[PDB]
Amino acid sequence: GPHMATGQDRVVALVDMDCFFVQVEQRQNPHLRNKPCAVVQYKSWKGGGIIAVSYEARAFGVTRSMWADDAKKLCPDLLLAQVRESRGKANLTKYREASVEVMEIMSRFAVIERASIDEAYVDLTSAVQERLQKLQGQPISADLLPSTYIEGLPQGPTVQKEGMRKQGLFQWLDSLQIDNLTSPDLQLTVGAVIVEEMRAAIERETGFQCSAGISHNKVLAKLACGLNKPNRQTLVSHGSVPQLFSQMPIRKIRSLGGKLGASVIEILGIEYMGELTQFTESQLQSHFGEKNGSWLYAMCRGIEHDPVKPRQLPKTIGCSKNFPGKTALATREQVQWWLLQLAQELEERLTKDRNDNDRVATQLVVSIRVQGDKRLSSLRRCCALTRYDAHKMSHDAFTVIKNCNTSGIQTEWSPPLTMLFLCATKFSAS
DNA sequence: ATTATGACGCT
DNA sequence: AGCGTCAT
Ligand SMILES: Nc1nc2c(ncn2[C@H]2C[C@H](O)[C@@H](COP(=O)(O)NP(=O)(O)OP(=O)(O)O)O2)c(=O)[nH]1
Ligand SMILES: [Mg+2]
Ligand SMILES: [Mg+2]
């Protein structure tokens with residue numbers, strides 16, 4: 001009733017760059033613009049593995065995780081850009097620097113949470129309060145929302161997509177009570193006005209296009225962002241949640257796409273997020289644990305409390321390389337050489353991080369995978385990181401992993417190593 | 001032989 | 001601290 005909190009206290013947006021690495025390469029090379037194109041890492045095995053796909057190429061069925069050779073079967077005119085290689089491995093520096101460009105623009109409008117190389121959450125609650133005081137009860141013109149979809153509208157009592165977008169927006173705006181400065185729907189609308197401005201600034205100052213979601217929490221903002229990619233933003237109101245979730249497969253919600261979501265489906269005998277509402281909070285906790293149960297009980301009603309963290313910089317800086325099948329490292333000299341290449345990249349990135357961001361990592365995490373282990377990491381060991389020196393970190397990494405070598409022979413390495421991973425963590429202000 | 005990361009929960 | 005899960 002009057003006391004049931006509805007999770008409508010915040011305005012949260014999620015901004016995600018469209019086919020980000022592709023856009024970075026299309027900015028640099030105009031010949032790739034407005035074409036089916038993809039970004040690949042490496043080349044010799046099956047043409048390289050695709051990690052980003054322009055929307056024109058997606059129309060042909062090209063996807064992330066495809067081998068380029070297979071993608072070319074679906075799209076013979078597909079254009080390809082390769083990730084830079086340095087010290088024998090993929091080097092993603094160009095895309096990290098482009099990411100910093102975007103995140104610095106977003107930070108002008110609000111404190112952001114860097115959630116990946118291409119996306120950030122924004123808590124717009126206070127900015128919305130401010131813009132509402134400025135508006136002085138003045139209604140919001142559809143011209144301020146030129147790329148916004150309102151999820152669930154139009155409804156009730158008309159052929160092309162832009163016309164449908166405008167019909168839905170008109171219905172939404174006419175239903176608005178622009179007098180109540182505390183109306184959650186009005187707050188979301190003003191948030192969407194601000195996100196239009198943020199996306200305009202990103203495109204004007206970088207050339208990059210993005211999509212966004214606007215809702216009352218992070219999960220709904222992320223889901224909304226996906227609904228109308230590319231180059232559009234979507235508002236998911238609290239009221240839109242029952243219909244949206246009534247046919248939403250459980251796996252589409254962030255964090256339910258793996259074993260937990262499968263167990264929700266299997267234990268409860270349900271398929272859609274909306275079906276979760278029929279269970280009590282205690283029932284869900286009994287199946288999925290305290291925290292998961294409370295999270296599911298709230299989230300199927302559109303309510304989620306995870307805060308937008310004030311964090312524009314990544315928490316860790318890491319370097320990793322797989323050595324699949326027959327390229328796996330089987331000698332001590334090989335393991336040392338690749339530990340050194342990874343450590344040299346790490347030292348470069350860490351030194352630049354220290355100069356830019358006034359902090360120093362203090363812990364070095366070494367992870368390996370051995371042949372025949374189906375897990376990501378076969379072993380993880382930490383040691384101290386006291387100097388940004390690649391020879392030192394690579395010698396320390398060897399010292400912490402050398403006991404994994406089954407070979408009594410000192411020259412060989414058995415079982416051979418199919419992955420090396422160095423990660424700098426536990427940053428302190430310097 | 002999907003790869004290269006990054007986040008975060010569990011014990 | 002080291003491992004597992006999720007993500008893409
Ligand atoms: N190295 C590496 N990079 C990856 C991987 N997967 C993605 N990336 C990189 C390449 C991606 O460009 C970037 C951002 O990932 P998204 O937001 O998930 N995809 P995008 O922005 O391309 O398309 P959309 O319009 O649907 O958002 O992360 C991977 O497995 N490995
Ligand atoms: Mg993206
Ligand atoms: Mg993303």
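Every number for a ligand or one of its atoms is a count from 1 in the order of the listing. Side chains are part of it too, since the values below use all heavy atoms of this structure and drop only hydrogens, waters and symmetry mates. Protein chains get the first letters and strands the later ones, always in sequence-line order, with residue 1 at the start of each.
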Measure the shortest side-chain to side-chain distance between A:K321 and A:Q341 over non-hydrogen atoms and say whether it is less than 4.5 angstrom.
no
The answer for which part of A:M17 has a heavy atom under 4.0 Å from ligand 1 is backbone
- [ ] Indicate whether the side chain of A:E85 and that of A:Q41 have a donor and an acceptor atom separated by less than 3.5 Å.
- [x] no
### Task
Measure the distances from the heavy atoms of A:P230 to every atom of ligand 1 and state whether one is below 4.0 angstrom.
no
Tested for ring-ring contact (aromatic ring centres under 6.0 Å, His included) against A:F398, the lone hit among A:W337, A:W338, A:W413 is A:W413
Note: ligand 1 atoms sitting under 4.0 Å from heavy atoms of A:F20 are 12 (O), 20 (P), 21 (O), 22 (O)
Counting from 1 in the order shown, the ligand 1 atoms closer than 4.0 Å to a non-hydrogen atom of A:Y55 are 24 (P), 25 (O), 26 (O)
* Asked: Quick one: is the NZ or CZ of A:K166 closer than 6.0 Å to the six-membered ring centre of A:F170, and within 45° of its axis?
  -> no
Between A:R84 and A:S86, do the side chains contain a donor N or O and an acceptor N or O under 3.5 Å apart? yes
Quick look: A:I51 vs ligand 1, heavy-atom contacts under 4.0 Å, and the answer is both
Of all protein heavy atoms, the one nearest atom 22 (O) of ligand 1 is A:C19 CA, 3.0 Å
* Asked: With a 4.5 Å limit on heavy-atom distance, are the side chains of A:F60 and A:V53 in contact?
  -> no
Per-atom filter on ligand 1: closer than 4.0 angstrom to a heavy atom of A:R58 are 23 (O), 24 (P), 25 (O), 26 (O)
- Message: Could you check whether A:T418 and A:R369, counting side-chain N and O atoms only, form a donor-acceptor pair closer than 3.5 Å?
- Response: yes
Do A:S237 and A:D185 have a side chain donor and acceptor closer than 3.5 Å? no
among protein heavy atoms, the one nearest atom 12 (O) of ligand 1 is A:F21 N, 3.0 Å
min-distance protein heavy atom vs atom 14 (C) of ligand 1 -> A:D118 CG, 3.2 Å
closest protein heavy atom to atom 27 (O) of ligand 1 is A:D16 OD1, 2.6 Å
Atom 6 (N) of ligand 1: closest protein heavy atom, distance to 0.1 Å, is A:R64 NE, 3.2 Å
The atom name of the N, O or S atom in A:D16 nearest to the Mg ion (ligand 2) is OD1
Original post:
How about A:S116: does one of its N, O or S atoms come closer than 2.8 Å to the Mg ion (ligand 2)?
Top reply: no
Checklist entry - Yes or no on side chain to side chain contact (heavy atoms under 4.5 Å, CB included) for A:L379 and A:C404, after CA distance, side-chain angles and deciding distance? => result CA-CA 9 Å; A:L379 180 147; A:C404 296; 3.4 Å; yes
Requested in this report: May I ask you to check whether A:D118 brings an N, O or S atom to under 2.8 Å from the Mg ion (ligand 2)?
Outcome: yes
Assess whether ring pair (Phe, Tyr, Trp, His ring centres under 6.0 Å) is satisfied between A:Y297 and A:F279, documenting all intermediate values.
-> CA-CA 8 Å; A:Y297 181 86; A:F279 304 93; over 10 Å; no
_When you measure from atom 18 (O) of ligand 1 to the protein, is at least one non-hydrogen atom found at a distance under 4.0 Å?_
no
Measure from the Mg ion (ligand 2) to each N, O or S atom of A:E119 and report whether any distance is below 2.8 Å. no
Measuring from the heavy atoms of A:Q41, does anything fall under 4.0 Å of ligand 1?
yes
Practice prompt. Answer whether the closest heavy-atom distance between the side chains of A:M299 and A:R254 falls below 4.5 Å.
Written response: no
